[PDB]
Every structure is written in structure tokens, then in C-alpha cells.
Amino acid sequence: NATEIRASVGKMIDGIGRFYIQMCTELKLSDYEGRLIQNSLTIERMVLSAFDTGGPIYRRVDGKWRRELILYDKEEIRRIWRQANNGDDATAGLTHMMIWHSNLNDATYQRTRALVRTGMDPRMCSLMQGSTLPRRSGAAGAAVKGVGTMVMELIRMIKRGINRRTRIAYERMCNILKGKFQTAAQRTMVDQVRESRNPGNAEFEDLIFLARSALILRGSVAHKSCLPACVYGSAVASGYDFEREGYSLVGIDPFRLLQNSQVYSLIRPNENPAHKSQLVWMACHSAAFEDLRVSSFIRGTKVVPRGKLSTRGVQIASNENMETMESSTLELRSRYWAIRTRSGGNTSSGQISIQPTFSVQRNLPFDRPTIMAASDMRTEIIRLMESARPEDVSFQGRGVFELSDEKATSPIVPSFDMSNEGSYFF
Amino acid sequence: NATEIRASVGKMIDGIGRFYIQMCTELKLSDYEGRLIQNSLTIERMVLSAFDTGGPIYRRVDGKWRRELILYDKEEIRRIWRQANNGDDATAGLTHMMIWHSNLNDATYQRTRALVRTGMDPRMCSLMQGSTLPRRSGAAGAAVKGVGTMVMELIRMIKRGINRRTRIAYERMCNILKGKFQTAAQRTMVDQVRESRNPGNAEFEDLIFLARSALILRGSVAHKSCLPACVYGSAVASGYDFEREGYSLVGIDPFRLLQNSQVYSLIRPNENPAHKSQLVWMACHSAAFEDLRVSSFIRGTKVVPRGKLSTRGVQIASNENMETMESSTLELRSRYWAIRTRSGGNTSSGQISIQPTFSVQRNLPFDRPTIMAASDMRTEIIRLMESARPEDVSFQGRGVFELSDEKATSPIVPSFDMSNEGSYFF
Amino acid sequence: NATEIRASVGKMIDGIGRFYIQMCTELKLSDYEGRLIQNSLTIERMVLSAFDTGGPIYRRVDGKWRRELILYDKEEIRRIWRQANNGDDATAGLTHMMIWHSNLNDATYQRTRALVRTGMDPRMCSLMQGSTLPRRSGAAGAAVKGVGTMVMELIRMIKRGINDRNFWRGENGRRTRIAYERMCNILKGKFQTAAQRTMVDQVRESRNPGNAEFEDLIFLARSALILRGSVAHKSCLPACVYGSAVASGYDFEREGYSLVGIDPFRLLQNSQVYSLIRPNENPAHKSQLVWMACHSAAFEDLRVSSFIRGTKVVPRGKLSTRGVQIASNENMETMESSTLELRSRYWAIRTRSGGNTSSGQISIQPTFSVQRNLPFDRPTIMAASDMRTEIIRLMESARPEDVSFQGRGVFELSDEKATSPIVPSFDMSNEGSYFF
């Protein structure tokens with residue numbers, strides 16, 4: 001329905017938050033510690049197992065930090081979770097922590113070892129979103145997944161095929177991939193990719209092509225800002241009623257929530273605080289294969305690439321020691337906010353060119369595509385790819401908003417006429 | 001030659017002034033009530049109607065505004081008019097308000113219903129400059145017309161016919177049409193169209209093409225800064241004797257005049273004044289299809305897009321009531337000014353590139369546009385269309401002038417590296 | 001290895017100096033006369049005319065100056081050469097003179113005359129470096145020459161065989177072809193992109209070179225405007241300076257010298273070099289010229305040019321001076337001699353690369369709804385005469401805003417061992433880096 005959705009989401013988050021709140025009291029944490037992202041992470045991963053347990057719990061002993069492990073009964077955690085949710089099974093709740101964990105991963109690591117051994121250009125990481133998402137992730141999990149993530153799955157099954165419940169799986173899993181594509185070519189060929197009875201290279205050779213094309217004729221991939229538990233829990237404990245107030249993953253809601261939240265993280269000597277923050281941030285808004293330029297523009301501060309960055313990860317390994325360990329204050333804010341999308345280009349009822357009224361030095365705007373945009377798929381796709389240039393402006397009319405601008409009503413469009421600071425996170 | 005052109009057009013401006021004053025003196029309006037763009041409009045239309053009647057006239061009583069519905073001897077109006085122009089007809093004068101109305105309509109409204117019903121793409125807004133402008137408009141009245149404007153006509157003239165003296169029209173209407181284009185093929189292809197006596201879908205389909213070619217290879221369309229009658233009336237009354245002191249519609253004259261105008265406007269209860277002024281300002285210069293970036297640059301303040309604009313129209317409909325009605329003072333001043341042009345822009349000595357002699361970090365310069373510069377007349381254009389980039393700089397060297405810079409002496413070049421707000425008013 | 005080079009360099013430098021001295025000591029010159037740029041050029045010429053002789057030798061009669069069309073016995077000059085040069089044939093040295101000239105030539109005359117002539121676009125100066133350099137110059141000669149010049153010489157032959165005297169036929173024809181190939185390989189060598197390079201091979205593989213082949217080279221030449229070629233820049237100085245330098249007993253053979261390091265600037269720094277200048281010219285405008293010629297910064301970004309030097313380096317079209325040498329057709333009583341401003345605040349290293357264009361991203365995925373362009377490495381994705389269609393891509397991908405030589409900067413004359421890079425902030429609206 002209309003308002004119905006927001007209430008559902010609100011309620012779900014309300015259950016996550018209400019739940020974390022409890023686990024902290026159970027574990028008898030402090031206010032600070034409960035706000036520790038490393039802690040939060042452990043809790044989430046317990047509940048997730050609780051339905052599929054132990055984890056490291058960092059605390060602060062008078063003086064310094066200590067790492068204590070804890071074991072629980074997967075049905076004990078499994079029931080306490082049902083309380084915070086008022087009894088009913090919260091699958092969206094859990095599936096939500098999965099997407100988050102995923103965004104954190106998609107930003108933390110560059111899955112290339114998985115790609116190489118699949119026969120996929122190791123540089124296609126742009127298409128590899130949600131390639132970590134568990135097999136149980138909701139139907140909203142698929143929407144977060146990308147093309148590569150979808151092709152690799154289809155291919156891995158070819159390796160298992162070439163070398164009844166699967167035939168179905170295949171076509172469905174294939175259909176997903178079809179939907180993310182928005183051109184008639186990309187789509188039609190996907191069918192052709194599945195009309196085949198066997199899993200030959202006649203297919204692999206095809207699926208790698210779509211993926212390829214999907215780098216300029218991208219599809220539609222969901223971006224849902226999913227923050228960590230402690231953020232929510234801290235909001236629920238604060239007294240914010242999410243369901244009655246309603247909540248959105250694509251709206252300002254999450255942006256202005258972080259403006260009020262305060263999450264801490266363990267940083268290890270010779271690591272950059274500002275850089276740790278930056279990382280969690282990008283994961284909070286699923287913004288890893290996002291244009292470094294716009295992200296830095298929203299963040300209000302330089303978003304360094306994955307190289308000039310000053311961190312090796314978020315989770316503390318088992319081997320790492322607690323005596324060379326510190327905590328810092330994360331900075332999950334931003335000068336502005338912006339609506340997350342699930343679209344990747346558009347090929348209206350609006351203008352397309354500018355009629356000049358004055359005599360000045362001015363690049364005259366026209367939408368190259370839509371203007372000039374008037375039995376074999378491999379060839380037809382090439383035709384479309386040729387006439388596609390990076391300079392092309394997308395999302396005409398859309399811009400960034402102010403957080404004070406509760407309702408998206410006064411958009412701010414950035415116009416980087418500057419250096420190629422570097423738009424590629426990897 | 002600043003004698004005829006600058007002073008003869010001054011004389012046409014004096015007429016409108018003088019007349020507006022006379023006509024205000026009849027209605028026995030006040031000063032504040034003669035500065036009401038609302039009343040001014042009504043008067044302007046009373047006249048154009050009579051030379052080719054009554055209207056809505058708003059009055060000011062203690063507190064609230066009273067709308068009077070009045071009627072005048074269609075001939076009396078014609079009488080008072082000539083009285084002001086020395087018993088002349090001054091078609092120019094009527095044509096002038098004929099445009100002021102046009103330029104206001106091309107900015108207040110989007111004429112999609114008509115484009116589509118003609119078989120033109122709704123996204124061809126930037127080409128419909130002066131679609132509202134009665135055919136009665138003069139010769140220097142059609143020069144203001146966009147390429148797309150002409151096409152909608154011929155297509156209807158043709159569509160009903162293909163579905164005596166009417167011929168000389170068609171050829172001329174094309175010659176004008178052709179005189180909009182400023183490139184070989186463009187020019188030549190128009191002729192290939194003007195060849196058929198009974199031009200059917202052959203032409204119907206071809207001009208539509210050429211319509212779209214102008215989206216990229218624009219034509220020459222004049223822009224005329226035509227202010228409301230009240231502004232000229234007030235100016236004349238203030239002593240300005242334009243026929244003697246000279247006046248322009250594409251120079252600094254119109255901006256300067258608007259730098260002192262005291263124009264008021266009726267404004268609905270929930271409407272935004274700042275937003276209202278914007279509208280009128282864009283009608284004063286035919287900036288309804290200009291690049292918002294530049295409009296705001298010259299304007300001095302944000303030039304918000306049509307959608308985000310809070311207003312339905314400057315004229316007040318018979319439907320509305322006066323109880324909940326009030327009036328604001330229109331902000332028509334601008335920061336700089338610019339030579340309203342006619343040209344649509346288009347794309348060999350000295351070096352075009354650099355050659356590094358030292359080992360020093362810097363960009364390596366080169367003239368990209370110059371360098372990349374490297375049957376069916378359609379083809380010719382389509383080929384030209386292609387090499388064209390939206391970033392392609394036009395009016396090279398042309399700039400903006402300060403409002404002190406009376407002469408066109410020192411130009412100013414705008415740099416758009418900036419957090420802009422769009423480029424397409426529509 | 002590395003210590004060697006500088007030796008030979010010095011060895012060569014030394015020879016040269018030792019020579020110009022003998023020439024002065026000959027013409028019974030003075031410290032002054034032997035430092036006047038115009039006099040130096042005349043010498044060097046004669047030193048070259050002797051290895052395939054006369055020139056105007058300048059003297060000063062207090063109040064005005066003197067010309068003396070000196071005709072020195074050819075074979076004798078080439079004999080004093082080996083003397084001053086330990087009885088080694090310093091051919092490299094003689095090549096040094098040649099280049100000095102080429103570099104002073106590109107810095108003065110715009111070679112359009114020849115470009116439109118061979119059909120090349122008149123706007124290819126950026127490419128015609130080292131073009132006036134005769135064939136008589138070896139590998140050194142070529143490294144210096146650029147894409148424009150290489151294309152020009154190739155087009156010259158392509159066409160010369162269209163008049164066709166059996167140009168590419170017969171015993172001699174086959175010998176020419178060999179040459180034509182060499183030149184094709186020289187061009188190909190300078191290219192950094194395999195596309196260009198591979199496309200050179202496609203042209204030299206023809207045996208009836210005509211318009212086809214011709215237009216492909218004009219093509220390859222445009223590309224060098226943006227996909228920079230790899231050219232060699234050296235620092236060659238009038239031997240009058242080398243004379244004064246050995247004067248101090250500065251043994252370059254020991255102290256070492258270089259043509260891409262600080263050493264060239266070290267000399268020009270402490271060096272007294274005059275030049276005759278006619279009225280109605282800015283005596284600093286000649287300085288720029290000679291200075292430029294000395295470093296070959298004729299097609300260098302005027303910014304990095306005006307920065308590398310203390311003063312503001314103005315383009316040709318506002319440089320009031322018609323060259324170093326003087327014609328015989330006009331008044332010589334108005335010749336104001338002046339001292340050349342051949343100094344610089346900072347010195348930078350000359351390079352070869354044109355800065356031409358791991359497993360990271362290649363495209364971007366929109367997260368936020370914001371009007372922006374969606375970047376993607378077009379070349380690498382579209383990698384699926386092809387060379388003509390593909391080079392366009394690379395060109396299509398380049399941007400003038402692209403930064404090259406990331407990590408290198410300008411150095412101070414106090415940093416004799418390039419170590420403290422001063423990477424400048426350039427764009428201050430004084431952008432007109434196109435000397436021509």
C-alpha cells in the first residue's frame with residue numbers, strides 16, 4: 001500500500017533496535033561498549049546463526065580493552081529475538097542485517113579470487129554487489145544483488161553441470177538476472193541463455209558477454225542503506241518510536257538517524273580514524289561501487305579510494321592482540337543526503353536541449369542519448385554500446401538535499417568541472 | 001547606425017508608454033494600481049483584441065483587492081491607441097506586446113498537448129519559442145520563433161490539406177524555416193522539403209527529423225526583451241523620452257529599465273513571492289528555454305526549475321476569489337546583463353597541443369574539440385549530429401556585462417564549476 | 001654504467017670548448033667577441049660545413065660593429081677539431097652543435113611553409129620538433145625528431161614515388177625502400193600505444209605507397225597531438241659558452257656533465273653571453289628565445305615554461321624579435337649588442353615520455369539519485385582499419401585535464417642532486433601555453 005510500507009519497515013527496525021537493547025543488558029554491557037561496532041557485529045552474527053552460537057565480545061576493563069568470547073544456545077537467542085519483535089518471526093529483520101553485513105563486505109574486500117576462478121574479468125567488481133549474500137537472504141536480497149553476482153551464480157552451476165530442483169532454480173535464478181537488465185537486447189539474450197537444454201560454453205560464453213555489457217548498459221540494482229544494530233537499538237532505547245513514525249531505507253530517514261547516532265570502533269595503532277569512519281560510512285549507504293566524486297560530495301569530505309586508504313579491515317582477527325588496540329569515534333555524518341536508487345540509466349516529458357538566450361561562453365546542453373536514440377543479440381548489443389559515452393549525464397533533474405530539508409524539495413546538483421580526483425574506489 | 005534602429009524603436013516604446021498612461025487615466029486607477037502587472041496585462045490584451053472588448057481590472061480598497069469586470073468601446077480603444085502614436089498604427093507597438101505575452105506564455109506554460117497531437121516529440125520544448133504568438137505577428141515577430149515552432153505550423157497546414165494562394169505561404173514559411181538553420185546540409189535539406197506541392201508524410205516525417213537536428217545543431221533565433229506595458233508607461237511618465245534617448249530590446253536598455261521598475265503582482269495565498277518574480281523575469285527576456293545555470297548566473301539568484309516553481313500563472317481566473325488574495329512587489333532586477341543573441345552556436349594557425357620538455361607534474365593541454373574535429377541529406381546531418389558534444393563550448397569569447405558597463409566595453413566570462421541546480425527549466 | 005655516461009659527455013663537452021677556444025685564439029678574438037652568440041653560430045656552422053667554408057664573423061669598431069665574410073680553409077678547421085679533441089673524431093660533439101641549432105630553429109620559425117606543402121595540417125608545430133635537423137645526424141638526431149617530422153619525411157617519399165621514376169624499383173629503389181622502412185620504424189618507436197605502433201606496421205607493409213598510406217600517416221599524426229609521442233629533449237648550448245666553461249678549467253670529463261640534468265643549467269647560470277639586437281625589439285625577448293632554444297622548450301606549456309624560469313614566458317605572437325642570426329640585406333649600424341638573460345630561478349629535468357595513458361574497477365554503479373555522468377573505462381570495455389577505429393577511442397578517452405608526470409616537480413639550483421621536488425600549482429588563468 002501507501003503509508004503501510006513505512007510502518008512495516010519502522011516496525012522491523014524497531015524490532016532490531018529493541019532486540020539489541022536487550023542483548024546489551026543481558027551481556028551487561030556499558031553504554032559505550034554497546035555502541036562499539038565490533039560488538040554490534042558479533043551480536044548480529046549470533047542471531048543470524050541462531051536461525052542457522054558464539055562470538056567475540058570486546059569490553060573495556062578499567063584501563064584498556066579486552067576480548068572475551070561467548071557461547072549461547074542457538075534457540076535461546078532465537079527466542080529472545082522473538083520478544084523484541086513482539087513474538088512474530090522477523091525474517092525481514094534478519095535479512096536486513098544480512099544486507100548490511102553485505103554492504104560492509106562489498107566495501108571492505110575485493111572478491112577477485114572468486115572471480116578469476118569463475119572466468120570473469122577481475123575488474124568487473126563493479127557488478128559484484130551482494131556476492132556475499134547468504135542463500136537464505138529474502139527476495140529483497142536478490143534486488144540488492146547485481147549482474148556479476150547473478151552471472152557468477154549462473155556459471156558456478158554450469159561448472160557443476162558440465163563437469164529437477166536445479167532446472168527450476170536455474171531458470172528462476174536466470175530470470176532474476178533478466179529483470180535487472182533493462183534493454184531489449186540484454187533481456188532477449190538472457191532468454192536465449194536459458195532456452196538451451198544443456199550448460200555448454202554456448203552459454204558461459206554468452207553470460208560473460210552480458211556482464212561485460214552491464215558495465216556500460218548497467219541494469220537495476222537496489223541500494224538500501226542498512227545501518228548496524230547499535231545504531232537502531234540506540235535509537236529505540238533513546239525512545240524513538242519507529243513504527244508509528246515510520247522508516248525508509250532509501251529516504252532521508254537513515255541519513256538523519258546517523259546524524260544523531262554515535263558509534264564507536266576499535267582502531268589499531270598505525271590506522272587512520274578518519275579512514276575507519278569513511279569505510280563504515282560507505283557501507284552504511286551501500287556506496288562502494290559508487291562514484292567516489294558524488295560520495296565525497298555528499299559526505300562533505302574527501303572519500304579516499306581503496307588504496308590510499310588507511311585500514312586493513314573492520315573486524316578484529318583472532319590472532320590480533322588487545323594490547324596494540326585502541327578505540328576511536330566514528331564520523332558517520334555528511335554535509336548532505338540523497339535518495340538511494342535501484343536504477344542504472346534510462347534507455348520523460350521534459351526538456352532535452354537548451355535554447356540559448358544570451359551571448360556567453362557556455363557549453364550548450366543536450367541529452368546525447370534520447371535524441372540520437374531514434375535476429376542476433378551479440379551484434380545489436382554492440383550497436384548500443386558503441387554509442388554510449390561516459391560524459392553522458394544521467395538522472396537529469398535529480399540532486400542532493402539538505403538534511404534540514406526534511407522533504408526533498410530544494411535539490412542541489414553538483415557540477416564537478418574539476419580534476420579526475422578519482423571516481424573508482426578500487 | 002544608432003539613429004533609426006535605436007530611436008525608431010524608442011518611438012514605438014513611447015507609444016506604448018503614453019498609451020498605458022492614457023488608458024490608466026481613463027480607468028481612473030492609482031499609482032499602485034497602475035503598476036499591477038495584472039491590470040497592465042488586461043489593458044494590453046484589450047488593445048490587441050481591438051486591433052484584431054473588456055477585461056479583468058483589480059482595484060484596491062481599505063485592506064482587500066476588488067476585481068472589476070469591465071468593457072470598453074472596441075473603437076474607443078483603437079482611438080486612444082493612435083492618439084498616443086500620433087495617429088499612426090505602429091504595428092510594431094502592438095506586435096511588441098504581442099511578444100511580451102508570448103514570452104510570458106512560453107515560460108508560464110508547457111505546450112505538450114499540442115506538440116504530440118501534431119506528431120512532435122514532447123521533449124522538443126526548447127524549439128517551441130513563440131508557438132503562442134499569433135500569425136498576425138510581424139516580420140520581426142517571426143524571427144523570434146524557434147525552429148520547432150515553424151514545424152508545428154506547416155505540419156498542421158500540410159496535415160489538414162494533404163489529409164490557392166496558400167502556396168506562397170508554404171514556401172516562405174520554409175524560407176524562414178531555412179533561415180533558422182546555419183549549416184550547409186540543414187540549409188539544403190529544407191529545400192528538398194520545399195520541393196513538393198502536396199508534401200505528404202514524405203515531408204511530414206522529414207521536417208520532424210530536421211526539428212530534432214536543431215536540438216544539436218541549433219539555428220538562429222532572435223530573443224526580444226519585451227517588458228509589460230506598465231513598465232514602459234511608468235518610464236514614459238517619469239520623463240524618459242526614448243525616441244530621443246534611444247532604446248533596445250537586445251541591449252542593456254531593457255535590463256537597465258527593469259533595474260528601477262516598481263512592478264506589483266497579485267499573488268495567491270500559498271504562492272511564493274520569490275518564485276513569482278522569477279517567472280516574470282524569465283518572460284522579460286525569453287529565458288524560458290535558457291540554461292538555468294546561466295539564467296541564475298546573470299539573474300543574481302537561484303533560477304528554480306518549472307516543477308519546483310510555486311505558481312500557476314500570473315493572470316487571475318474568474319474562478320478564484322478575492323477574499324484570500326494579496327499582492328507582492330516583483331523582484332525584476334538582475335546581477336549582470338547579456339547581449340540577447342540569435343545564433344544557436346556551432347563547432348587555422350598556431351599550435352593545438354603541448355609537448356613536454358620537462359619532467360614536471362601538470363595536465364598536458366590540447367584543443368580537444370578542434371582535434372576530434374576529424375545521398376540522403378539526412379546522413380550528412382546525422383553525421384554532423386554525432387561529432388557534437390553537449391560540452392561543446394559556444395559563443396567563444398562572448399561574456400556578461402556589468403550593469404554599469406553601458407557600452408559593450410568589458411566582457412566577463414562565467415565559470416560554471418559550481419553547485420548548480422539543473423539546466424532544463426522544463 | 002652511470003658514472004661513465006657523464007665522462008663521455010664531459011669528454012665531448014671538453015672537446016668542444018677546447019675547439020671554440022682554438023678558433024678564438026685563431027681569429028684573435030677577445031673574451032667579449034668570443035661570447036657573442038652571433039659569432040658562435042657562424043663558428044659552429046663552419047665546423048659542420050667542414051665535414052660533409054665561410055660565414056660572417058663579427059668585430060666591434062668602437063661606436064658600431066663589424067662583419068667580415070670569413071672563408072677559412074675547409075680541411076684545416078676539421079683538422080684543429082681532432083687536436084682540441086685528443087685526436088678522437090668527436091662526431092657526437094659535432095652532433096651536439098647540430099642539435100643546438102635545431103632547437104634554436106624550432107624556437108624561432110614556424111614550419112607551416114613545409115606542412116601545407118606535404119599536405120600536413122598547418123597546425124602541427126607541436127609535432128615538428130627537430131625537423132630542420134639534417135639526416136647527417138645519427139640516432140641522437142632521430143631521438144630528438146618528433147612524430148610530425150617523422151611523418152613529414154615519410155609523406156615526402158610516399159609522394160616522391162607517386163611521380164614515380166620507378167622510385168621504389170630497381171637496385172637503388174630497393175635500397176630506398178630499406179630507408180623508408182627504417183623511418184617507419186623510427187616513427188613506430190616513438191609511439192607509446194600499441195594501436196599507433198601496430199598501425200605504423202600496416203603502412204610500411206605496402207609496396208605502392210599512395211594516398212591510402214598517406215592519409216593513414218596524416219591520421220597517425222593527428223593522434224600525436226593528444227596521444228603524445230615519446231620524443232627526446234636535450235640541452236644544447238652555443239659552443240661560445242662551452243669555451244668560457246673550459247676557461248675556468250672546469251674539466252667536464254671529471255666533474256661530469258649531462259644534457260637532461262642540472263649541469264646544463266649550472267653553466268647557463270654563471271654565463272656571459274651577448275647577442276646583437278636590432279632597434280624596435282625588447283632586449284629581453286631575445287633572452288627568452290635563446291633561453292628556450294637552449295632547453296628546447298619551444299612546444300612546452302608556457303606555464304611550466306614561465307614557471308621554470310623566473311620571468312613570464314610570452315608567446316611568439318608577442319615576442320618582438322625576428323631571430324638570432326642577421327640577414328645581409330639590412331642596416332648594420334643600428335645593431336645594439338645586449339647581454340642575454342640566460343638564467344633561471346629553477347631547473348627541471350628534460351624527459352622523453354609524452355606522459356601517455358592491476359585489477360581495479362572499470363565502471364561505476366549508481367548508488368545515489370543525482371544528476372551526474374556515469375563514468376566507465378570506454379577503451380578497455382570496447383576492446384572486443386580497426387586501428388583507426390580504435391585509436392579514435394583512446395583519443396576519445398583523453399582529456400586535457402589529465403595530469404602527466406605525476407610525482408615530479410621543479411627543483412632549486414641549491415638541490416644539485418634532484419631530491420626536493422617542487423610540484424607547482426599551475427592554473428591561475430594565465431593559460432595560453434601554446435607558444436605559437
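X-ray crystallography is the method the PDB entry states for this structure, with the resolution given as 3.20 Å.

You'll find chain C entered in the PDB entry as Nucleocapsid protein, with Influenza A virus given as the organism. Under its PDB record, the entry appears with the title "Influenza A virus nucleoprotein NP at 3.2A resolution". According to its UniProt record, chain C has this under Sequence similarities (unreviewed entry): "Belongs to the influenza viruses nucleoprotein family." What the UniProt record of chain C gives under Subunit (unreviewed entry) is the line "Homomultimerizes to form the nucleocapsid. May bind host exportin-1/XPO1. Binds to viral genomic RNA. Protein-RNA contacts are mediated by a combination of electrostatic interactions between positively charged residues and the phosphate backbone and planar interactions between aromatic side chains and bases."

In the annotation of the PDB entry, chain A is listed under the name Nucleocapsid protein and assigned to Influenza A virus. Regarding chain A, the relevant UniProt record gives this comment under Sequence similarities (unreviewed entry): "Belongs to the influenza viruses nucleoprotein family." Chain A has a UniProt comment under Subunit (unreviewed entry) that states "Homomultimerizes to form the nucleocapsid. May bind host exportin-1/XPO1. Binds to viral genomic RNA. Protein-RNA contacts are mediated by a combination of electrostatic interactions between positively charged residues and the phosphate backbone and planar interactions between aromatic side chains and bases."

1. Let's talk about the overall build of chain C
Across its full length, chain C holds 17 helices and ten strands. Each principal axis of the C-alpha atoms in chain C carries an extent, and together these give about 75 × 60 × 50 Å. Across the 436 residues in chain C, those meeting the buried criterion constitute 56%. For chain C, the computed accessible surface area is about 19700 Å², with 47% contributed by carbon and sulfur atoms. Taking the average place of the 60 positive charges on the side chains of chain C and the average place of its 47 negative ones, the gap between the two points comes to 3 Å.

2. A look at the overall build of chain A
A tally of regular secondary structure across chain A gives 18 helices and seven strands. In terms of C-alpha radius of gyration, chain A reaches 23 Å, essentially the compact-globule figure of 22 Å for 426 residues. A principal-axis box enclosing the C-alpha atoms of chain A has dimensions of 70 × 65 × 50 Å. When burial is assessed residue by residue, chain A has 55% of its 426 residues classed as buried. With an accessible surface of roughly 19200 Å², chain A has 47% of that area assigned to carbon and sulfur atoms. Across chain A, the mean location of the 58 positive side-chain charges is 4 Å away from that of the 45 negative side-chain charges.

3. Details of the packing of aromatic side chains
Per the stated rule, a full pass over the model turns up 38 aromatic pairs over all chains. On the basis of an interplanar angle of 45° and a centroid distance of 6.0 Å, the ring pair of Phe289 of chain B and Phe426 of chain B is categorised as tilted. Here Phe289 of chain B matches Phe426 of chain B in class, with each residue buried. Ring centres of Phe435 of chain C and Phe436 of chain C lie 4.9 Å apart, and the angle between their planes is 55°; this geometry places the pair in the tilted category. Just as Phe435 of chain C is buried, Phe436 of chain C falls in that class too.

4. Quick word on the interface of chain C and chain A
Taken residue by residue, the interface counts 28 residues in chain C and 52 residues in chain A. Taken together, the links from chain C to chain A amount to five salt bridges. Counting the contacts that link chain C with chain A gives 30 residue pairs in polar contact. Residue assignment for the side of chain C that touches chain A shows that the elements contributing at least two residues are β8 (372–373), α16 (378–382) and α17 (386–397) of chain C. Tallied by class, residues from the side of chain C that touches chain A come to eleven nonpolar, eleven polar and six charged.

5. What about helix α18 (residues 377–386) of chain A?
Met377, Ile381 and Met385 of chain A are the residues of α18 of chain A that are buried. Viewed along the axis of α18 of chain A, the buried residues span an arc of 70°, placing them on a single side of the element. Every exposed residue of α18 of chain A that faces more than 90 degrees away from the buried side is listed here: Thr379 and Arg383 of chain A. Elements in contact with the buried residues of α18 of chain A: α10 (184–192) and α11 (201–213) of chain A together with α16 of chain C.

6. A few points about the interface of chain A and chain B
Across the boundary between the two partners, chain A contributes 37 residues, which contact 60 residues of chain B. Interface area, chain A with chain B, both sides summed: about 4500 Å², of which 55% is carbon and sulfur. Area buried by chain A at its contact with chain B is led by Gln355, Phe358 and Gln361 of chain A, which between them contribute 19% of it. Where chain A packs against chain B, one counts two salt bridges. The salt bridge involving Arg368 of chain A is made with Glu386 of chain B; its shortest N-O contact spans 3.6 Å. There are 22 residue pairs in polar contact connecting chain A and chain B.

7. Here we look at the environment of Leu403 of chain B
The residue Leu403 of chain B is located in the loop between β6 (393–394) and β7 (418–420) in this model. What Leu403 of chain B contacts, discounting residues up to four positions off in sequence, is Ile252, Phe255, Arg256, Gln259, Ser334, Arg335, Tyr336 and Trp337 of chain B.

8. Quick word on a positive patch on the surface
Residue and element names in this part refer to chain A. There is a patch of like positive charges on the surface, built from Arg111, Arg113, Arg117 and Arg156. Along the chain, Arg111 falls in the loop between α5 (91–108) and α6 (113–116). The class for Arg111 is partly exposed, based on a relative accessible area of 38%.

9. Some remarks on helix α10 (residues 211–226) of chain C
Here α10 of chain C contains 16 residues, and its C-alpha end-to-end distance of 24 Å stays within 8% of the 22 Å for a straight helix at 1.5 Å per residue. In the core, the buried residues of α10 of chain C are packed alongside α17 (368–371) of chain B together with α7 (147–160), α8 (170–190), α9 (194–204) and α17 of chain C.

10. Structural notes on unusual backbone geometry
All names here are of chain A. In this structure, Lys28 is a non-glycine residue whose phi angle is positive, near 55°. With respect to the helices, strands and loops of the structure, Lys28 is situated in the loop between α1 (3–26) and α2 (31–34). On the basis of relative accessible area, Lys28 is assigned to the exposed category, the value being 66%. One non-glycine residue, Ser349, lies in positive phi territory at about 60°.

11. Let's talk about the side chain of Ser353 of chain B
Note on placement: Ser353 of chain B falls in the loop between β4 (326–329) and β5 (362–363). A polar atom in the side chain of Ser353 of chain B sits 2.6 Å from the backbone oxygen of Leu225 of chain C. Within the local environment of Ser353 of chain B, its side chain forms a polar contact with the side chain of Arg228 of chain C, the two groups lying 2.2 Å apart. Filtering out sequence-adjacent residues up to four positions away, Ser353 of chain B remains in contact with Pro365 and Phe366 of chain B together with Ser126, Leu225, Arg228 and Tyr434 of chain C.

12. Notes on the pattern of salt bridges
Think of it this way: side chains of opposite charge can pair up when their charged atoms draw near. A complete count under the given rule lists 88 salt bridges over all chains for this structure. The partner of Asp121 of chain A in a salt bridge is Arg123 of chain A, with the nearest N and O atoms 3.2 Å apart. The salt bridge partner of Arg343 of chain C is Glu341 of chain C, with a shortest N-O separation of 3.7 Å. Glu341 of chain C sits in the partly exposed class, given a relative accessible area of 36%. Shared partners join several salt bridges into a network, and the residues in it are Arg368, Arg389, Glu391 and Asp392 of chain A, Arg368, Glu386, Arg389 and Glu391 of chain B together with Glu396 and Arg399 of chain C.

13. As for the packing of helix α1 (residues 4–27) of chain B against helix α3 (residues 37–50) of chain B
All names here are of chain B. The geometry of α1 relative to α3 is characterised by a closest axis approach of 11 Å and an angle of 105° between their N-to-C directions. Between α1 and α3, the interaxial angle falls into the category roughly perpendicular. Two secondary-structure elements touch here, α1 through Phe19, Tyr20, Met23 and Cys24 and α3 through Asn39, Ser40, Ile43 and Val47. A breakdown of the residues in the contact of α1 with α3 according to their chemical character gives six nonpolar, two polar and no charged.

14. Digging into the relation of the copies chain A and chain B
Superposing chain A onto chain B takes a rotation of 111° combined with a translation of 2.5 Å along the rotation axis, leaving an RMSD of 2.1 Å. When the interface residues of chain A are mapped onto chain B, a mere 16% of them again fall at the interface, so the copies present different faces.

15. Thoughts on the side chain of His275 of chain B
Residues and elements named next belong to chain B. For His275, the position within the fold is in helix α15 (residues 273–285). Assessed through its relative accessible area of 16%, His275 is described here as buried. Among the polar contacts listed, one links the side chain of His275 to the side chain of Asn272, at a separation of 2.8 Å. Those residues in contact with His275, other than ones at most four positions away along the chain, are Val304, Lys308, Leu309, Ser310 and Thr311.

Cut-off values and rules
The numbering scheme restarts from 1 for each chain and tracks the written sequence of that chain rather than necessarily the entry's numbering. Residues without coordinates are not displayed. Note on labels: chains are lettered from A, ligands numbered from 1, in written order. Only hydrogens and water are removed before side-chain values are computed, so all heavy atoms of the structure are retained for them. UniProt positions are given in the numbering used here, feature names are shortened, and annotations may be inferred rather than shown by experiment. Helix and strand definitions here come from DSSP, where helices need a minimum of 4 consecutive H or I residues and strands a minimum of 2 consecutive E residues; each element is numbered from the N-terminal end. In this scheme, a residue with accessible area under 20% of its type's maximum is buried, one over 50% is exposed, and one in between is partly exposed, where area comes from a 1.4 Å probe on protein chains only. Computed with the Shrake-Rupley method and a 1.4 Å probe, the accessible areas treat only the protein chains shown as cover for residues. Counting rule for charge: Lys and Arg are taken as positive, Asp and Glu as negative, and neither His nor the chain ends is counted. A charge is said to be at NZ when it belongs to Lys, at CZ for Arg, at CG for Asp and at CD for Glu. We take the radius of gyration over the C-alpha atoms and set the globule estimate at 2.2 Å times the residue count to the 0.38 power. Whether two aromatic rings pair depends on their centres lying within 6.5 Å, for rings of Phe, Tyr and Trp, where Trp uses its six-membered ring; planes under 30 degrees apart make the pair stacked, over 60 edge-to-face, and the rest tilted. Contacts are assigned to residue pairs that have any heavy atoms within 4.5 Å of one another. Salt bridges are defined by distance alone: a side-chain nitrogen of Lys or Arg within 4 Å of a carboxyl oxygen of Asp or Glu. Identification of polar contacts relies on pairs of N or O atoms within 3.5 Å, with a donor-acceptor requirement for protein atoms, meaning one able to donate a hydrogen and the other able to accept it, and with residues adjacent in sequence counted only if both atoms are side-chain atoms. Throughout, the ten residues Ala, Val, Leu, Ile, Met, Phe, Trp, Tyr, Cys and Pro are labelled nonpolar, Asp, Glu, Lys and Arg are labelled charged, and all others, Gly among them, are labelled polar. Working note: the arc is built from the helix axis to C-beta atom directions. Note on definitions: buried area is the accessible-area loss of two parts on being combined, 1.4 Å probe, summed for both. Patch rule: a residue counts if its relative accessible area is over 30% and it has no salt bridge; like charges are joined within 9 Å, and nonpolar side chains (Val, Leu, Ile, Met, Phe, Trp, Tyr) within 5 Å. Take the residue count of a helix, subtract one, and multiply by 1.5 Å to get its expected span. Interaxial angle, 0 to 180 degrees, is taken between N-to-C directions of lines fitted to C-alpha atoms, where a helix line uses only the stretch in contact. We call two directions roughly parallel when the angle between them is under 35 degrees, roughly antiparallel when it is over 145, roughly perpendicular when it lies between 65 and 115, and oblique otherwise. Note that copies are overlaid through least squares, fitting their C-alpha atoms.

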